[PDB]
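Okay, here we've got a single chain as structure tokens, the form deposited in one PDB entry, with questions on binding and movement later.
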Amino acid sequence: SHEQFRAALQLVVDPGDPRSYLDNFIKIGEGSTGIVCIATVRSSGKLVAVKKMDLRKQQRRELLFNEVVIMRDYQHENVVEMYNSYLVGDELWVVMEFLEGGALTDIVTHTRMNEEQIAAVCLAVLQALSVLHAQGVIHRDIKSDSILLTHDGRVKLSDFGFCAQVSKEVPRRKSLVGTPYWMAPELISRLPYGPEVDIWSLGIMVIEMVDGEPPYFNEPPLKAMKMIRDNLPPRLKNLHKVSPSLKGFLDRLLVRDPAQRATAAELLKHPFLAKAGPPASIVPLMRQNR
């Protein structure tokens, strides 16, 4: 029931009304399960971002739990920091860090990134994924929209609306959740899957950074959704533009066998991630000056 769900939420969220100390709401997106705004904290003049998700308009209402239960003040240098969570009226509100460089989607649709910057983004994603897999969490929707930047080129991971916990005891999942063009091959076929789905999506995101779109991004969602199931790993339309180091690194990502996919903890020792430029390398890719 709606009311039982609201009651359960009120036991984990911070009480009261955040509209007391927030104003100048500026809308910035409609991402995953809710709209995302920016507000100023009048008590300080600082800026924060606010994810508003209405319980009434949800496919699965049970998705709202995880990001306030799993990502409850979990700190990490490469993961968007959540400050507070409130239940306002009929919507759940998440207040967090304001990442000012936009999403990575804006860069891959407008410019071409050199291997030195691809390695930077990947180093950050794997750094955060390593810890997230050790603690038992799967992102389950890693893609361009899930990656935010600061003004200084630092990269953080976001959009945990689809994440899940595995930990000990039961260690797998079988839920068909995410974005169609970015998911694993043992996804569309319901099979017990662990953190490795993320890694696969990461590989597809690598493809993004090389071409500006996931394999079969031109086909409608189901038209490609089924299309990847039988096929072998896709390959980039611009493979001639990528060095063999990137190609090897990516060849240990888009492995069809989940038991022969690489693990983020073991992917950090790879050679390609020596090409990782300082975060400043990413800075010229943002809209300040392309």
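The term rigid core refers to the maximal set of C-alpha atoms that superpose within 1.5 Å between the two forms. Start at 1 with the first residue shown and count on from there.
- Averaged over Cα atoms, the B-factor as recorded in the entry is higher for 169 to 177 than for the other of 169 to 177 and 85 to 93.
- Between the stretches 43 to 51 and 65 to 73, it is 65 to 73 that shows the larger average CA temperature factor.
- Looking at 188, 205, 79, 124, the one whose CA carries the top B-factor in the deposited record is 188.
- In this PDB entry, the Cα temperature factor of residue 248 sits in the middle third of its chain's modelled residues.
- In the deposited entry, the Cα temperature factor of residue 214 places it in the middle third of its chain's modelled residues.
- The PDB entry assigns residue 162 a C-alpha temperature factor belonging to the middle third of its chain's modelled residues.
- Ranked within its chain, residue 128 lands in the middle third, by CA B factor from the PDB record.
- Looking at the C-alpha B-factors along this chain, the one for residue 267 belongs to the highest third.
One more form of this protein, deposited in another entry, exists but is not displayed; see below.
- Residue 278 shows a C-alpha shift below 2 Å between this form and the one not shown [criterion: core-superposed Cα displacement of 2 Å].
- In a rigid-core overlay of the protein, residue 244 has its C-alpha displaced by under 2 Å between this form and the one not shown.
- Core-aligned CA deviation for residue 84 between this form and the one not shown: 2 Å or greater.
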